[PDB]
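Contents: one structure, followed by commentary.
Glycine also receives a Cβ, built like all others from the backbone with ideal geometry; neighbour counts cover every protein chain displayed. What is reported rests on the model, the rules as stated and the sources as named; no laboratory read-out is quoted.
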Amino acid sequence: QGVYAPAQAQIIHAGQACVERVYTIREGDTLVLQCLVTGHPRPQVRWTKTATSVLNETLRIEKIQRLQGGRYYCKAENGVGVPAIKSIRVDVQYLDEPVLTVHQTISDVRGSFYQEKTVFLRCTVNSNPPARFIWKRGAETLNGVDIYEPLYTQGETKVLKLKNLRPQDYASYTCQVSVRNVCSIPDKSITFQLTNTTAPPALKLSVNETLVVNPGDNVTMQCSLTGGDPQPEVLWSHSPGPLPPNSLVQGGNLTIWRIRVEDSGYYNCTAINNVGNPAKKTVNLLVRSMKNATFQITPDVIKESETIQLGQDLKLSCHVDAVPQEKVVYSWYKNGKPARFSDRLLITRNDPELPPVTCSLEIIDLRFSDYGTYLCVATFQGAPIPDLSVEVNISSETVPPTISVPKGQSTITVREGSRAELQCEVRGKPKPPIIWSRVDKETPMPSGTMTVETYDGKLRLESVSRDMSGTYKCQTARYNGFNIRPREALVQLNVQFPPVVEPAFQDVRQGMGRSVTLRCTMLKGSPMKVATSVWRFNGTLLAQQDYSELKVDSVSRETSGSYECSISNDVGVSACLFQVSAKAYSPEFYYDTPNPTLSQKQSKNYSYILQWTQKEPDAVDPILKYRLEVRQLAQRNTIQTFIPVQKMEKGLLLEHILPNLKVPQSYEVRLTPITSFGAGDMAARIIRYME
Ligand SMILES: *[C@@H]1O[C@H](CO)[C@@H](O[C@@H]2O[C@H](CO)[C@@H](O[C@@H]3O[C@H](CO)[C@@H](O)[C@H](O)[C@@H]3O)[C@H](O)[C@H]2NC(C)=O)[C@H](O)[C@H]1NC(C)=O
Ligand SMILES: *[C@@H]1O[C@H](CO)[C@@H](O)[C@H](O)[C@H]1NC(C)=O
Ligand SMILES: *[C@@H]1O[C@H](CO)[C@@H](O)[C@H](O)[C@H]1NC(C)=O
Ligand SMILES: *[C@@H]1O[C@H](CO)[C@@H](O)[C@H](O)[C@H]1NC(C)=O
Ligand SMILES: *[C@@H]1O[C@H](CO)[C@@H](O)[C@H](O)[C@H]1NC(C)=O
Ligand SMILES: *[C@@H]1O[C@H](CO)[C@@H](O)[C@H](O)[C@H]1NC(C)=O
Ligand SMILES: *[C@@H]1O[C@H](CO)[C@@H](O)[C@H](O)[C@H]1NC(C)=O
Ligand SMILES: *[C@@H]1O[C@H](CO)[C@@H](O)[C@H](O)[C@H]1NC(C)=O
Ligand SMILES: *[C@@H]1O[C@H](CO)[C@@H](O)[C@H](O)[C@H]1NC(C)=O
């Protein structure tokens, strides 16, 4: 490629800037960067910040922000050689209003019981560039007292330390912070009234550390100041989440109406006045609830049993999830209630190694007299909430569980996106719930956690993703049944999905007598086999290995057009699209030359050196002639002429002088190649008098 030259970029600065390698502007202004490029063919330009991208030789950002600052890249490519890249660092600049805060420090003195008070005046401001701080008490401070930047701060903060605090120091101190007026940014000031009444905030709360309540109850909390100068600002907050709904803040008073169980949590009242540590009082609000009452049958452990056998230990545990967990109390009944007071032979244990906070009675030397219906009742002492119970019949019939997959739903295949339903079925007395997990990987579930409880033994997946395709485990719970090694069973999940073929579009060129073959290849797809391929031409079907091929015997006017191969797996369809013709490629205008020729500076005429190259001359039938059209933008009528080609090769520069052009005006130039097939791809350009 003799005349083809690789791209070359150069960034240029415009829009608003201020004051080498960097483009500094005030936040809120507008950025305007332009990428000038050269090389042939004329390269295209995208602005990016990664090296996302905007396809434009000029980058323009209105009302720029702090974060939009950074390094920007102009990328320019044309096919020939290595793409051109150029960088520029945009440094958006700003100066917010400074914050002024103060705290005291009392400290001992060597060999003395006298004490020295020290105040720290801390001035913080976020700014680009690094700010400049000046301190004043009406007058500028230099010396006796000290200025510095404290630790754990990168110059955004300066502190004025007043070591021994004598009355004359009690004045108004004012931090004035400047950005050097760079980018014409004003300085800003903040002042503080340091007085012997100045004091950090303090609060008193009308309720205890932790407050227990029932659902529905209205609860109101008064948070009142007990100290603070300046007058601090009191604020309530909640974790997790925000306060509302159903809760109103008078200010200081926080009331919660019709409290729901999910409203439980920490409510924090905090006072701030930029003096000392902000005061906070914290109350933990606990709404009562009881959920998920569960029992466990644990056969003799020491005899390593998994089954109810006479002459063995049988533990029957009991548990429920409650907010004031420590406050629950359990009652064990049996065909009516003995309240588990027997002890001898049958005994109560409330806290063994078993799960947390579980009442569990043991039966030593199990007897037929122990076969019965046992009930455990969890309750809160004199609480309005309802009690919860768990019945568990023990008899000869009670037996550990077994789990299986029904029929051959072991592997269940579905198409991506649809819903999937995995099923396990469990047998035993009692029948425990099933816990579904994934085994091929460690991912979560419908419930968003590693495992999911289910009693119907069904696991439903609404929007199934191919990523989810894998193996899944279903197993017996250790609760609401035997507490034994869970029984397990696996099911496979195939997530089929439609094909993806290549190329989506391809522009194919070839001479008039010659042949061409189009291939549509399948890259991804489950099933990964071409079930069928169907080729169409300009809308109509044609008659006809991982891919499909079609051969156009003779690329002619009758055969040239758009070909579509619709490849499909048993699940979906996807298509390649080919454009076949014997049209020559577009001419590529050459932009980098001094062009105009003044004809005797008279007749109001100049001439233009129109130059270009022919893209891929040997891709189709040889180029015979170019059709040249010239319009001057001002007259509708156009002068059409034909250039006859002498000879050409890839990259050869072509020329044609346009003879009669009004001396000031510009023109549109349309250049079309002609082969035996006819008109190739037309190209266009605007020419102008330069000098
Ligand atoms: C209802 O209550 C029962 C227990 O009373 C809950 O079963 C418990 O579920 C948790 C997981 O949520 C299990 O803890 C986990 O154990 C694995 C190891 O097995 C560990 O890797 C995890 O970090 C986590 O600690 C716990 O073992 C299990 N307890 C029993 C006795 O099986 C059940 O989840 C509750 N259901 C609901 C809907 O609240
Ligand atoms: C570049 O962006 C401007 C708007 O900022 C737009 O007017 C112009 O047409 C764009 N350039 C191109 C080549 O589209
Ligand atoms: C503080 O200063 C004021 C006058 O500025 C004075 O009335 C007061 O006694 C001083 N001492 C205290 C503890 O406020
Ligand atoms: C809380 O107040 C509302 C009316 O403001 C009332 O309907 C509700 O019953 C109150 N809460 C209780 C526990 O009574
Ligand atoms: C908060 O409520 C109490 C009475 O419940 C009242 O004395 C106090 O003024 C209230 N505070 C506000 C800011 O309304
Ligand atoms: C409220 O205080 C608790 C206890 O100190 C704390 O865990 C929680 O993060 C705090 N929440 C807020 C919003 O301050
Ligand atoms: C226990 O057995 C009784 C009668 O034998 C029955 O009414 C009750 O429903 C059974 N309980 C369970 C949990 O099966
Ligand atoms: C197919 O359609 C394209 C676009 O309309 C057209 O250029 C071509 O001549 C058509 N081919 C035939 C054989 O009609
Ligand atoms: C100047 O241009 C006009 C219009 O294009 C043409 O008629 C005329 O012959 C030209 N004169 C010369 C001296 O080239």
Only one of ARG514, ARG557, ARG478, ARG485 is of a type in the set (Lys, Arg), in contact with a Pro (Cβ under 7 Å, 6 or more places away or on another chain) and outside any strand (DSSP E or B); which?
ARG478
Scan region 466-484 and tell me whether some residue there is surrounded by fewer than 19 Cβ atoms within 10 Å (Cβ to Cβ), of a type outside the set (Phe, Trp, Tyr) and in contact with a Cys (Cβ under 8 Å, 6 or more places away or on another chain).
no
I need every pair where a residue in region 219-236 that is of a type in the set (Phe, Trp, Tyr) has its Cβ under 6 Å from the Cβ of a residue that is crowded, with 18+ Cβ neighbours inside 10 Å, sequence separation at least 6 or different chains.
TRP236/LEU254; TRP236/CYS269
If I filter region 653-673 down to residues being surrounded by 14 or more Cβ atoms within 10 Å (Cβ to Cβ) and hydrophobic (A, V, I, L, M, F, W, C), which single residue comes out as nearest to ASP592 (Cα to Cα)?
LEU653
Within region 44-75, the count of residues that are assigned to a strand (DSSP E or B) and not aliphatic (A, V, I, L, M) comes to 12
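Being in contact with a strand residue (DSSP E or B) (Cβ under 9 Å, 6 or more places away or on another chain), not basic (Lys, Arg) and not in a strand (DSSP E or B): is that true of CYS35 here?
Numbers: in contact with a strand residue (DSSP E or B) (Cβ under 9 Å, 6 or more places away or on another chain): yes; not basic (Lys, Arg): yes; not in a strand (DSSP E or B): no.
The answer is no for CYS35.
Per-residue answers, yes or no, for (1) of a type in the set (A, V, I, L, M, F, W, C); (2) under 26 Å from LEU194 (Cα atoms); (3) surrounded by 13 or more Cβ atoms within 10 Å (Cβ to Cβ):
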{"position": "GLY69", "(1), (2), (3)": "no, no, yes"}
{"position": "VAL90", "(1), (2), (3)": "yes, no, yes"}
{"position": "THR124", "(1), (2), (3)": "no, yes, yes"}
{"position": "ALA131", "(1), (2), (3)": "yes, yes, yes"}
{"position": "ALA139", "(1), (2), (3)": "yes, yes, no"}
Those residues of region 657-691 which are within 16 Å of ligand 9 (Cβ to nearest atom) and under 30 Å from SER560 (Cβ atoms), in sequence order
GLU668, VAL669
Filter region 71-88 for residues that are closer than 22 Å to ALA17 by Cβ and of a type in the set (D, E, K, R); which is surrounded by the fewest Cβ atoms within 10 Å (Cβ to Cβ)?
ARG71
Can you run down the residue pairs with Cβ atoms below 9 Å, 6 or more apart or on separate chains, where the first is in region 431-458 and in the same structural domain as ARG478 (by CATH) and of a type in the set (S, T, N, Q) and the partner is within 16 Å of ligand 3 (Cβ to nearest atom) and outside any loop (DSSP other than H, G, I, E, B)?
none
Of the conditions (1) surrounded by 15 or more Cβ atoms within 10 Å (Cβ to Cβ); (2) touching a strand residue (DSSP E or B) at 6+ places or on another chain (Cβ under 6 Å), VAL182 satisfies every one except a single condition; which number is it?
(2)
Of everything in region 188-203 that's surrounded by 15 or more Cβ atoms within 10 Å (Cβ to Cβ) and assigned to a loop (DSSP other than H, G, I, E, B), which residue is farthest from ligand 2 (Cβ to nearest atom)?
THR198
Out of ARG478, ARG519, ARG514, I need the residue that is touching an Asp or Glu at 6+ places or on another chain (Cβ under 8 Å) and either on the phi > 0 side of the Ramachandran plot or more than 16 Å from ligand 9 (Cβ to nearest atom) (or both). Which one?
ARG519
Using the structure shown, decide if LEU235 is part of a strand (DSSP E or B), within 30 Å of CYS376 (Cβ to Cβ) and outside the structural domain of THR157 (by CATH).
no
Selection over region 100-149 where residues are in a strand (DSSP E or B) and closer than 19 Å to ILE272 by Cβ yields a count of 11
Would you confirm, using the coordinates I've provided, whether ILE567 is more than 16 Å from ligand 2 (Cβ to nearest atom), over 30 Å from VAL495 (Cα atoms) and surrounded by 14 or more Cβ atoms within 10 Å (Cβ to Cβ)?
no
In region 165-172, is there at least one residue being closer than 26 Å to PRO230 by Cα and part of a strand (DSSP E or B)?
yes
Here the residues within region 257-285 that are within 16 Å of ligand 4 (Cβ to nearest atom) and part of a strand (DSSP E or B) are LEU285
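Scan region 294-321 residue by residue and report those that are hydrophobic (A, V, I, L, M, F, W, C) and surrounded by fewer than 21 Cβ atoms within 10 Å (Cβ to Cβ).
Passing the criteria: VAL301, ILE302, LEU310.
Within the group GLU57, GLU116, which residue is among the acidic types (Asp, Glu) and within 16 Å of ligand 2 (Cβ to nearest atom)?
Result of the check over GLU57, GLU116: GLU57.
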For region 561-594, how many residues are under 20 Å from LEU542 (Cα atoms) and either among the aromatic types (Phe, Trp, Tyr) or in a strand (DSSP E or B) (or both)?
17
Taking region 595-627 as the region of interest, how many residues are part of a loop (DSSP other than H, G, I, E, B) and on the phi < 0 side of the Ramachandran plot?
9
Which ranges mark the strands (runs of 3 or more DSSP E) fully within region 353-416 that have 2 or more residues being of a type in the set (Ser, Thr, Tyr), surrounded by 13 or more Cβ atoms within 10 Å (Cβ to Cβ) and away from ligand 4 (no atom under 16 Å from the Cβ)?
373-380
Looking only at region 324-342, which residues are among the aliphatic types (A, V, I, L, M) and in a loop (DSSP other than H, G, I, E, B)?
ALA339
Looking at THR559, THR532, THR517, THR521, which one is away from ligand 4 (no atom under 16 Å from the Cβ) and touching a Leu at 6+ places or on another chain (Cβ under 8 Å)?
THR517
Candidate set from region 213-262 (those that are among the acidic types (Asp, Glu) and more than 39 Å from the chain's Cα centre (by Cα)); member that is nearest to ligand 3 (Cβ to nearest atom):
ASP229
How about region 431-450: which of its residues are more than 25 Å from the chain's Cα centre (by Cα) and either in a helix (DSSP H, G or I) or within 12 Å of ligand 1 (Cβ to nearest atom) (or both)?
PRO432, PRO433, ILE435, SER437
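Can you name the strands (runs of 3 or more DSSP E) wholly within region 645-691 that have at least 2 residues being under 24 Å from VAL80 (Cβ atoms) and under 53 Å from the mean Cα position of the chain (by Cα)?
667-675, 683-687
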